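One structure below.
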Amino acid sequence: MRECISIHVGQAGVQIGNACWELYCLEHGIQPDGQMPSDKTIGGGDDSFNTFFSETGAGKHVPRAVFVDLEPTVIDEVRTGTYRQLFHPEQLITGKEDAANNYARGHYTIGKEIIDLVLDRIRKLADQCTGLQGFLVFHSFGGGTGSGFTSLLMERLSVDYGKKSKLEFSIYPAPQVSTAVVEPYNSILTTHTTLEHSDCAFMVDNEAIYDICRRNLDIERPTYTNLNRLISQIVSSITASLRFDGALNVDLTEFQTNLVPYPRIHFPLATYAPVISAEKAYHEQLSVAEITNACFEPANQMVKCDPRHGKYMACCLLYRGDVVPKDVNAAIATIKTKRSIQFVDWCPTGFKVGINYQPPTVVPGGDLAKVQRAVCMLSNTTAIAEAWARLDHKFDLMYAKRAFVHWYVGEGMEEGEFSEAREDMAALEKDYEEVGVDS
Amino acid sequence: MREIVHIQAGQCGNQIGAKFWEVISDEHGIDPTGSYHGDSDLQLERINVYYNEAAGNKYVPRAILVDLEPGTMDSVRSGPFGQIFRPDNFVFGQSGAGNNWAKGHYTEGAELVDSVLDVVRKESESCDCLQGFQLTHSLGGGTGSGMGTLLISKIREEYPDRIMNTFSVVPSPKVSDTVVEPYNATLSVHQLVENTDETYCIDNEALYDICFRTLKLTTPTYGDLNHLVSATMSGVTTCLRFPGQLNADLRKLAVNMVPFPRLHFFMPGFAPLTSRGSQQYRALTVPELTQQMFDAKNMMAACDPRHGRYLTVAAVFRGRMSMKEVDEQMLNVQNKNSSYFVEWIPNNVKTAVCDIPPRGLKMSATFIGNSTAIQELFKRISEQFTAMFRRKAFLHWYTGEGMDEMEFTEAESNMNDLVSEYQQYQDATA
Amino acid sequence: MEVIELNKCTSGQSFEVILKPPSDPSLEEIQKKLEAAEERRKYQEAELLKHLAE
Amino acid sequence: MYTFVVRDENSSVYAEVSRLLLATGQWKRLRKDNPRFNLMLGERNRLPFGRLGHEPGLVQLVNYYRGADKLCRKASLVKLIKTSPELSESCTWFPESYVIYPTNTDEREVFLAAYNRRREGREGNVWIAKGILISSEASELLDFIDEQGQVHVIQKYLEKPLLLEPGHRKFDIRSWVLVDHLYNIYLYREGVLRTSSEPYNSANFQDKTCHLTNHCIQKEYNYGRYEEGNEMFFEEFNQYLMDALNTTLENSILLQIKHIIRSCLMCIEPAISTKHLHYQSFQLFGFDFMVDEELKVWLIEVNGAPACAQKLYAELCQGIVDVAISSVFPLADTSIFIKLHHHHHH
Ligand SMILES: CN[C@H](C(=O)N[C@H](C(=O)N(C)[C@H](/C=C(/C)C(=O)O)C(C)C)C(C)(C)C)C(C)(C)c1ccccc1
Ligand SMILES: Nc1nc2c(ncn2[C@@H]2O[C@H](COP(=O)(O)OP(=O)(O)OP(=O)(O)O)[C@@H](O)[C@H]2O)c(=O)[nH]1
Ligand SMILES: Nc1ncnc2c1ncn2[C@@H]1O[C@H](COP(=O)(O)OP(=O)(O)CP(=O)(O)O)[C@@H](O)[C@H]1O
Ligand SMILES: Nc1nc2c(ncn2[C@@H]2O[C@H](COP(=O)(O)OP(=O)(O)O)[C@@H](O)[C@H]2O)c(=O)[nH]1
Ligand SMILES: [Ca+2]
Ligand SMILES: [Ca+2]
Ligand SMILES: [Ca+2]
Ligand SMILES: [Mg+2]
Ligand SMILES: [Mg+2]
């Protein structure tokens, strides 16, 4: 058993962390006070859930988590909310003033005066770890803290923990719920800076999630709370193999092996089904074939893009609920004949399958209906580069006029860091195109 | 917790400044004594942005009141919310500035400014985390204009990493016949371009025309003009004072609104336009608000927005309404008039919704627009300036206080540079 | 077609199905980068204070 | 007010559609990089399909189907037919064809396999390359291919074309097909024969004003003799099939054409359909057919950005607007197309 530390950075990172640990707690029957009736090794152990929780003699299970925000409002909500007791005060780190939507202010200006403290609070978790594998990091691409401080933090964990794996959960900016017009700038900056330091990153476009909520949960205007509950189910789905017994994706290293042959191309697409509104009076339970087939609908992806026009390098299916291999194999047989699924030549056309029999747990009074069976496909497809293209085009439009750049120069960043970050993305979109297209 | 220090200067500054404290103090349920009597915790969550707390759970505006004559400050002191302001924050001279920028900036004002800074300093030091300063003043007189700009320069010296914001009333000959206003205002604009981060241009041309043409007031008074100012100020500060996501502090607003450090002069608008007293019986639908807040006739700066392009926009809807319908309408204005929004700043329109409406209304909308059409404002001032300056007329009042003609020439040039930069981006394209 | 690495347990099972075969900055360099940015902010601030002083 | 942008200046067809849209006074044109359009009329290359359908508040439609290039490049078309079981190598309406590269994948050896059973049957053995040359002699083409640089196609040449009289002439048929956003397949009722003007010279292959029926290669070498611009339309060609062959256009040719069109597009429907997508596509294709003396129809090529013929621009472009666009974006307040559908039960 090897432990994992979750780092949640900025409002989006924190709020989504909140949502994930609430769900993790309900999944493993851990209560708000930290007590776990089902756990019989009081005060310790090396069960699979202990990858995410440490224990005390008083019988208390505490996240291997650190929340950091440069302003305090959001982490205060954690400190006074339903899960207040679960966390130790030293795990919740806040500043006085925030990064004001500026990567440079978050990286260079405010980053400096707080990086050493955060590394120290992380080190206090790593020294309760018999065999740490590495970290899961949660942040927004578009916030000042989320982008600027995260990339600094990533650089430092590479140095103080070189042999350790780092996974990201990253919120890609959408105008329907964004709060800054500079989100493209921050997004490119932080991507450039974090790319060598990250082993595997799962992007979630707030646009995709927002629409899934309108379309499938009948929510007139989704809030972060709606979005985050949905996101937390996808995350939970992804991490389930680290927290439960199984033989697939049992460690962070395996995510890289199973999902990322070419290191820079480390952005797998997540697709999830079924998402069903809790208010739906009558619901016909969806079969294995049907929800597997929904995994190849763009409408169900975390990023809208079209995988028919790219190539796959890998694909895992992660099932929760009443599912057996026989049904999965038949579903995959019909689906291959019906759909456009082209792998790269240097990869086998196949799927690694993971079934966990426990059906998905939903938050009571949440918007999601309980379902008999659900699935989350993770596919490394060059189609995801469409999201890079979009973000780069917007960056080009603004940067051609130097709009807003003075705000970054004013924090000590050099203008040339902009074009260098943009060169790195140009090469990135180039790498995706070589891999994915022929003539 | 992110405190703002407010300063109000000169007759105009203090008149609108007082009205602002009346209006917001009522939105946050504070009464003339300074006691909370509201019935919502939304009212108090961010009360420390503008009020200090005091013994007996007392709220006290973080407000410095400045003038070179006593007159108006005795009118502040014995108006409705007069008692609420902290008495040692009244800083006043005796002489007045005689509508003369130079006196306010270089002679009479320099004597007073140190005492205002002492009061600013005492207010800055009890602040958990000071975000910056907002100044209310006119640009056409001597104190708010000349001394006000002096203050700004000095505050930036002591707090160079805090945000500076002004609500600056621009003069118009439709409202004042004092002949040197264009001088005073060109000299102030010079200061403003260099040393503020955000300026709300509140044009007395526009406020008068709104009162006359739209509110059908045949003899608008300063009371009527100020009712419009206070509603706009209430609206443009909503996101700072209530819980919220977008433009919730001065720095974040600035980053969203100012693509180029010099182009930080904003056009505010309001819907629905009301005259004081008379009630408004129909609530507006969300479409009417949207169409109106973007109407030229609802702008507090007398510029035609169809003559420019919007660099950035912030919209704030107040009241109980469908966010779905607001997003739809906000999206429909941009998609139906997309050529008026610069295409090289994607998604440049940002929209917030606060559940508390302003007193007297079920629904309202405030618009803040950084548009290239504001150049019309600076050209107008510049035309009036040049007509006098080219014969050196009225200059002896300024040269008599130590100034050189050079200083006028530099100022005219800087304001003409400003105007051409607006033009540059008006014409730009991807 | 071909199922492999079948693993079963009380919680679930996993396997692979195959339809077709084939055919770094130092602590130092960081503290530097941050420190240069800070000097750049100090210079920018000093120039302004120089200007305010004139 | 719907809005649109134009990103191919050189398109005969969409020039006309702009004009028709503007003229409704319910469409406003935007500058080419303004992202807030209902409709894009796109460039021919590196069209940014990846930036479509992410402007909230706007239903977005484009005049190309991403992926349709697989139909419309000779290389890919040939590949698509062999490889796709719905089409297959059995396929009897496409000329036996082969992809060949220079030596600067390939199936050169497999080309020879057939070349040396026609030289071991002494029958017809004329082939065609893809700048384009016909020869009986393999290496005169193979050495022609390596000496040109690009990837090419070798295709059995059709020695026994149907010939028009008077003239002993050759021709191809060009049909215009509109596929809308619902994947309705609409065949425009007017098509056109693109005739040769100079008797089909069998035993000589250099004098190519007779073997190639391209409007441009006839002009620049008897142009205008039997019909305007070497263009025979359908009333005429039908009438001639009646008089001279006792049949109709519908029966002898058009059924094969409809069949061939349906099969090509149904084949790729799963790969390109925009049915569940966040943006919507339509596209005008031009299919090019040969007819042999037996009245057997053969598919020559598919064009992804076809031009119309002068007389027909008006009617076609109106019809593109009617069915492709105003179906997605209705106005306030005689069908020139034949819809291709067929659900046989087996
Ligand atoms: C003689 N100038 C007029 C004026 O000053 N009028 C004054 C005026 O209207 N004043 C001062 C108002 C203000 C108050 C408080 C009031 O109580 O009236 C206006 C300007 C808002 C006044 C008091 C002399 C009648 C003025 C309105 C500027 C004007 C300008 C151009 C063409 C015609 C009239
Ligand atoms: N899905 C989701 N997105 C969020 C949430 N909170 C903020 N965002 C998004 O993240 C981006 C804004 O970043 P934030 O996380 O607010 O920024 P921050 O990290 O707090 O940075 P500063 O405030 O600049 O210090 C925008 O695209 C928002 O839509 C959240 O709870 N869920
Ligand atoms: N296998 C074959 N048998 C007989 N004739 C053929 C043939 N392949 C091509 N041709 C003739 O050559 C002409 C031109 O070939 P093709 O149409 O492939 O080139 P192209 O793409 O440059 C013109 P377009 O795009 O309008 O079809 C055809 O119209 C036809 O007359
Ligand atoms: N809108 C408005 N404008 C005012 C008011 N009082 C004065 N003005 C205008 O302000 C300018 C005169 O400045 P004033 O503030 O009186 O001079 P100061 O006291 O020396 O700063 C002229 O343009 C006047 O029209 C007011 O209460 N409201
Ligand atoms: Ca235990
Ligand atoms: Ca004196
Ligand atoms: Ca002193
Ligand atoms: Mg934040
Ligand atoms: Mg006065």
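Values reported hereafter were calculated over all heavy atoms of this structure, with side chains retained and with hydrogens, waters and symmetry mates removed. Remember, it's 1-based here, ligands and their atoms both numbered in the order they're listed. Naming: A, B, ... by sequence-line order, numbering from 1 per chain.
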[X] versus [Y]: any side-chain heavy-atom pair under 4.5 Å?
X: B:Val60; Y: B:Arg86; answer: yes
X: B:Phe167; Y: B:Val236; answer: yes
X: B:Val180; Y: B:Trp101; answer: no

Check your understanding: Does a sphere of radius 6.0 Å around OH in A:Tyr83 hold more than 12 heavy atoms from other residues, nucleotides or ligands, not counting ones at 6.0 Å or beyond?
Key -> yes
Point to revise | For B:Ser138, the option from B:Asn204, B:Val169, B:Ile16 that meets side-chain contact (heavy atoms from CB on, under 4.5 Å) | key: B:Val169
Review point. By side-chain contact (heavy atoms from CB on, under 4.5 Å), which residues pair with A:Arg79, not counting sequence neighbours?
Key: A:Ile75, A:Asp76, A:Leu92, A:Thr94
Check your understanding: For the Ca ion (ligand 5), how many protein N, O or S atoms come closer than 3.0 Å?
Key -> 7
